[PDB]
Each structure stands twice: as structure tokens, then as C-alpha cells.
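Following this message is one structure expressed as C-alpha cells.
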């Protein structure tokens, strides 16, 4: 994808985290999938939905 913004929806489970973009991830899969498509370079900012 290269350039995509927001969250990419995955729903295997709900462990919410926030990415360094300040973005709410529904679960690890959300963080992984969205970033592998968009921004692999951010880190988990904090545990819990943003």
C-alpha cells in the first residue's frame, strides 16, 4: 500500500494499543497490518486504545 492513513480493520481479538502516529489499534493484528501496509516505522506509544 505504501501510503495509507488511519487504522486497517482486523478483529481477531481486542488488545488495544496506540501507534506512534497517535493512532488507535484494535489489536496487535491492527498495528501489524496497518503498519506493514503503511508505516512500519512507528512504535507502540502506549497500551490502550487512543
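Using the three backbone atoms N, Cα and C, a Cβ is placed for every residue, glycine included.
According to Swiss-Prot, the protein has these features:
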{"type": "DISULFID", "residues": "10-29", "note": "disulfide bond"}
{"type": "DISULFID", "residues": "18-50", "note": "disulfide bond"}
{"type": "DOMAIN", "residues": "2-50", "note": "domain 'Kazal-like'"}
{"type": "CARBOHYD", "residues": "30", "note": "N-linked glycosylation site"}
{"type": "CARBOHYD", "residues": "41", "note": "N-linked glycosylation site"}
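Tell me about the setting of these features in this model.
Residues near residue 10 (disulfide bond) in space but far in sequence (CB under 8 A, at least 6 apart, same chain), listed by position: 26, 27, 29, 30, 33.
Shown in sequence order, 24, 25, 44, 45, 46, 47, 48, 49, 50 are the residues of the chain, 6+ apart in sequence, with a C-beta less than 8 angstroms from the C-beta of residue 18 (disulfide bond).
Residue density at residue 41 (N-linked glycosylation site): 8 other Cβ atoms are found within 10 A of its Cβ, drawing on all protein chains shown. Taken residue by residue with DSSP, residue 41 (N-linked glycosylation site) is part of neither helix nor strand, so it is coil.
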For a three-state summary based on DSSP, what are the helix, strand and coil counts in the domain 'Kazal-like' (2-50)?
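Split by secondary structure, the domain 'Kazal-like' (2-50) comes out as 10 helix, 10 strand, 29 coil.
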